[PDB]
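Q: Build the 3D model from these lines:
(chains A, B and C)
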Amino acid sequence: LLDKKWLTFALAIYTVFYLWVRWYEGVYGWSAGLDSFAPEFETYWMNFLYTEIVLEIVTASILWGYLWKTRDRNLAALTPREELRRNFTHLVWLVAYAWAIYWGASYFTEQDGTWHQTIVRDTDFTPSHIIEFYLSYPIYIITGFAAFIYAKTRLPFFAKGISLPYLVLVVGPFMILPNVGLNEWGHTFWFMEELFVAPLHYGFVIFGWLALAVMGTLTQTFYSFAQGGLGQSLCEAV
Amino acid sequence: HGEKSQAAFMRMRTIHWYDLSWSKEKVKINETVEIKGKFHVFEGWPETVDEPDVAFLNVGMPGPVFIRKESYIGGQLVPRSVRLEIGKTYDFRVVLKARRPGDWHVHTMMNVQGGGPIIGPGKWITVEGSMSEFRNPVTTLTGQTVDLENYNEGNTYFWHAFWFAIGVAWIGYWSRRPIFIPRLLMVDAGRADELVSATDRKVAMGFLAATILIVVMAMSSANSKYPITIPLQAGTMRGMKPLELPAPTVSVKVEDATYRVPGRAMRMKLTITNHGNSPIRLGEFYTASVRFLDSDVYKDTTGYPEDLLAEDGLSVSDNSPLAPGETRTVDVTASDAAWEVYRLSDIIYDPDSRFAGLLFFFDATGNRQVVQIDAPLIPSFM
Amino acid sequence: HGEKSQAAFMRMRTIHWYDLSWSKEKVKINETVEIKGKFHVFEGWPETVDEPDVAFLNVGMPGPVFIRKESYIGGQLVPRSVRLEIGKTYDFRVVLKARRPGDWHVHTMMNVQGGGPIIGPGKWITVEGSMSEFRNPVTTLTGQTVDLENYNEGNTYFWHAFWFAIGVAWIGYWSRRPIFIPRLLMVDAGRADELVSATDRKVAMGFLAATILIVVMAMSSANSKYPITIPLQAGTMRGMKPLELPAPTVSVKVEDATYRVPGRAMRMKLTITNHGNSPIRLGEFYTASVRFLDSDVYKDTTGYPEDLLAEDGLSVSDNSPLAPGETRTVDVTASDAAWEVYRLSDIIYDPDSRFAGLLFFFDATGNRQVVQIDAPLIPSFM
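A: Residues are numbered from 1 along each chain as shown, chains lettered A, B, ... in the order given. Now the structure:
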């Protein structure tokens, strides 16, 4: 009844997973992860890559696949009682997104930042690259989409047309593929050194600012709460 | 670590490191290890690399597993960037204090301005002990002696916490009240402005005045303690003293130089011609940190990294003494797994198939002549 | 004026001016005053200053209180920019004609390309007379001799007035009528186009044709008188003849060099070592236009600016003759109010605490050796 600790899943699922990761690199950062031309890299680190990409395509196909088919067809008439329960679960999806972004855009990002300072890169595939770009980012993008779709398929208001701020919020993440990938790409001609002030990194900054579309998304979410028959009891009682 | 993946010809024709030496192979926390040697900036410096107008003498390690206590190019201490001059040879000396227990592959590298860390040979050095043992003491011109490991740590923390707390305090004050869906709607139908009132705007300026106040108080309080302070010292050191080398007595001419496709060896046809007056033999070809020796002629004692030293890697078609006045053409082959391991073989992907090295010649009584060669290096597949 | 506020180390390590001389201290309108001297571009030129690839030999005064009749670096007249070469020493000669009565502090300065006017010492020179006396005659390759003070003045004026008047004439023609609030409203409700008609659009093209006409008439009329004309001559002069200096016979080594915080003096510990063959003594340290002398050893006669000459500013711990072959370490102190007045003391705010000067040594029969020193200069507060 109402909004459960199905939420506690959402918070701990990343926390545990990513804390296992931080341990995992923590021990193989040094050991295998230093010299990429050693065969212990092609097993502890490269295989890790292929594993995750595959797992991501799959879970993405399953996760989006699931929700799009369990899209509520008879949305036209379902109670305000559930138009709340659902609105709340949607908010859990957003907490999961925001948490997922934290890890990607703050944690593993500025971590890679430190890593560059301490070893000259042997590949575009350092440990922290395997984790920052090809694990961390796909995850928060998948979470992103999930939420979007949940809202579109589960709640009226959001079922009517496309939310521009919500589209920007989930597509910005996805556009950071080359944006953050041009980091090392762009910086190679004029200056190969990974200077974060270089124009090559400006795409990451622009796509990072698309996270501010969360403000427009939350405004629309709270308007979906008010349309669903809420915000009138205690609001008027105030 | 980090060479290998970088362009093989960049590595051949950028900086040549030789007469490298390391005072110890195993060292206790807080102990010193001293790296010495020489480096030559190659006359045919690559276009893609800004000339070293502003270069920096760095150290190639996994972070501060050692701290650099001192560094010297020529006689001079080099904490800044420095202007090195193409063609010239210099002697450097890095002095490292050990800080983190472990096995470190320490390199000596150049921070070569516009594009490139120019990484020298790396040698494995082992630190034994506890990081908790490490001290980094420094005495100021101000009287006090401090430990750089922890100096000013608590201060940093305080001021960040304090300000952080105040940030929280501010959002905290507003968040005693409900935050979103009521305040949103109030703004909507009808006016807001019931949302904020007196008991609010007094606190607003409370904060505002309190903040400016604490900043200025704090600042001129920080000025009261610590009244003697300088700006960050910076700026490229010019006038680096280069090494005065005697004109070499041997001259060599590189006619064709080839490498086998899937291979581990580079052949070159040299005309060595011995001016000056003592029968000379060829003892080493140094190329990209990789050193190839004729052990019939020369033997490393400096403990040069084992993966880069090819003990009898270098074979000369005729390495008998070359008499003074005499001049001969000889076929030379530098061969060793290191050629594939450090990817000099990856020259086949480079846009400029030209190599560059140092040859070392030795006379009868064992004093040496260094000539430098460079030439196009051509693949052979069939 | 304008040094003093500029970075103390820039001023120390950029251009050294010495053997300065000024032919007169007081001068009548239309009279000449000639500045001579030498300057060395410091080998350790600062990074923040584009090398003098394109520099200009200027004069430091309040406008054309003098006009520069001639300027010479090496033998050559230098009206353009010129390429000076780091490390080299040159002799210059500026020749000034007086134009405005008064007291002028004239400096000799370098226009040093990418960031910086490099201002030399300034000397006070007095002009007596009337500006109405000044002439600046010049004879053309065209026959005529003109006065640059007023040449082409009336012409300039005419053409500006004429065109200006026509601009007025045009607004004038339209402003016989009412300008705003009726014309605005007419456009508004209903159409405009009653506002402009025939008697108007004839004048419009009257003006338009008249203008093109007068321009082209005027131009090929200006081409008829003045048929011989060149383009602005411009472009950096290369190949500046530097001065051929004999290798110095003394060599010095700067071990530590310090200055007191609130102070007026810089100490340095030099190892002077006298190669060449006559007992030598130290007579001057020149630093940033400021000249410090041991008057037991040397006396300025050139009338060097009084605020920059420290008559016995320089004291050597032992300034007895240094015998040939002998070599000694000595403590030297350059001391004078000028150190605080010209703000060399403002080195404490600079990001590069390194100084640079010229030392001048004199043998028994009074012929001199110039060595240049530079080194880090370190503060002491306690």
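
Q: near chain B, which residues of chain A?
A: A:30, A:34-37, A:117-123, A:188, A:190-193, A:218-219, A:222, A:225-226, A:230-231, A:234-235, A:238 (Cβ under 8 Å from any Cβ of the partner chain). Using the backbone N, CA and C atoms, a C-beta is placed for each residue, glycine as well.

Q: List buried residues within the residues you listed.
A: Among the residues of chain A next to chain B, the ones that count as buried by 16 or more other Cβ atoms under 10 Å in any protein chain shown are A:30, A:34, A:36, A:119-122, A:191-193, A:218, A:222, A:225-226, A:230-231.

Q: Mind checking which of the residues you listed land in helices?
A: Assignment to helices by DSSP state H places the following of these there: A:218, A:222, A:225, A:226.

Q: Helices along the chain, start to end?
A: Assuming you mean chain A. Under DSSP H, chain A gives helices at A:7-28, A:41-44, A:46-69, A:80-101, A:109-118, A:127-131, A:137-154, A:164-185, A:202-209, A:214-227, A:234-237.

Q: was after chain B, sorry
A: B:8-12, B:153-175, B:181-187, B:201-222, B:338-341.

Q: now the ones you listed as CSV including mean neighbour count?
A: Formatted as CSV, those follow (neighbours: other Cβ atoms under 10 Å in any protein chain shown):
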stretch, mean neighbour count
helix B:8-12, 23
helix B:153-175, 11
helix B:181-187, 16
helix B:201-222, 11
helix B:338-341, 19
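
Q: Those helices: which one's closest to residue C:65?
A: Within the helices of chain B, the stretch nearest residue C:65 is helix B:201-222; the backing value is 45.5 Å (Cβ to Cβ).

Q: Export the closest one to CSV, keeping only CA atoms.
A: The C-alpha coordinates for helix B:201-222 follow below in CSV (Å, rounded to 0.1, in the frame of the first residue of the first chain):
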residue,chain,number,x,y,z
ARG,B,201,14.1,38.2,5.3
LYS,B,202,15.8,39.1,8.6
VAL,B,203,17.6,35.6,8.4
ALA,B,204,18.3,36.3,4.8
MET,B,205,20.4,39.4,5.6
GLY,B,206,21.6,37.7,8.8
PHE,B,207,23.3,35.2,6.6
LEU,B,208,24.3,37.7,4.0
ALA,B,209,26.0,40.1,6.5
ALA,B,210,27.3,37.2,8.6
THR,B,211,29.0,35.7,5.5
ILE,B,212,30.8,38.9,4.4
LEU,B,213,31.7,39.5,8.0
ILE,B,214,33.3,36.0,8.6
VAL,B,215,35.1,36.1,5.2
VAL,B,216,36.9,39.4,6.0
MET,B,217,37.5,38.6,9.7
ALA,B,218,38.9,35.2,8.7
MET,B,219,41.1,36.7,6.0
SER,B,220,42.8,39.4,8.0
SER,B,221,42.9,36.8,10.8
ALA,B,222,44.7,34.5,8.4
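
Q: Which residues outside that helix are in contact with it?
A: Helix B:201-222 has contacts (Cβ atoms under 8 Å, 6 or more residues apart in numbering or on different chains) with B:159, B:166, B:170, B:173.

Q: Dump those residues to CSV, plus distance to residue C:188.
A: Converted to CSV, the contacts of helix B:201-222 look like this (distance: Cβ to Cβ, whole Å):
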residue, distance to residue C:188
B:159, 64
B:166, 58
B:170, 53
B:173, 55
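
Q: So which of those residues is the closest to residue B:347?
A: residue B:159 (53.7 Å).

Q: What separation do you get for that closest one and residue B:218?
A: Look at residue B:159 and residue B:218: by Cβ to Cβ, to the nearest Å, they are 8 Å apart.

Q: next one: residue B:135
A: 30 Å.

Q: Next, the contact list for residue B:382, please.
A: Applying Cβ under 8 Å, 6+ apart to residue B:382 gives no contacts.

Q: tell me the contacts of the spatially closest residue to residue B:255 that is not a sequence neighbour?
A: Sequence neighbours aside, residue B:269 is the residue nearest to residue B:255 in space, at 4.8 Å (criterion: Cβ to Cβ, 6 or more residues apart in numbering or on different chains). Residues counted as contacts of residue B:269 (Cβ under 8 Å, 6+ apart) are B:254, B:255, B:256, B:257, B:329, B:330, B:331, B:332.

Q: and the residue nearest to the spatial centre of chain B, what does it touch?
A: Note on chain B: the residue nearest the mean C-alpha position is residue B:109, at 2.6 Å, using Cα atoms, centre = their mean. Residue B:109 sits next to B:58, B:59, B:60, B:117, B:118, B:119, B:120 when contact means Cβ under 8 Å, 6+ apart.

Q: Would you format those residues as JSON lines with neighbour count included?
A: Below are those laid out as JSON lines (neighbours: other Cβ under 10 Å):
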{"residue": "B:58", "neighbour count": "19"}
{"residue": "B:59", "neighbour count": "18"}
{"residue": "B:60", "neighbour count": "22"}
{"residue": "B:117", "neighbour count": "19"}
{"residue": "B:118", "neighbour count": "22"}
{"residue": "B:119", "neighbour count": "23"}
{"residue": "B:120", "neighbour count": "24"}
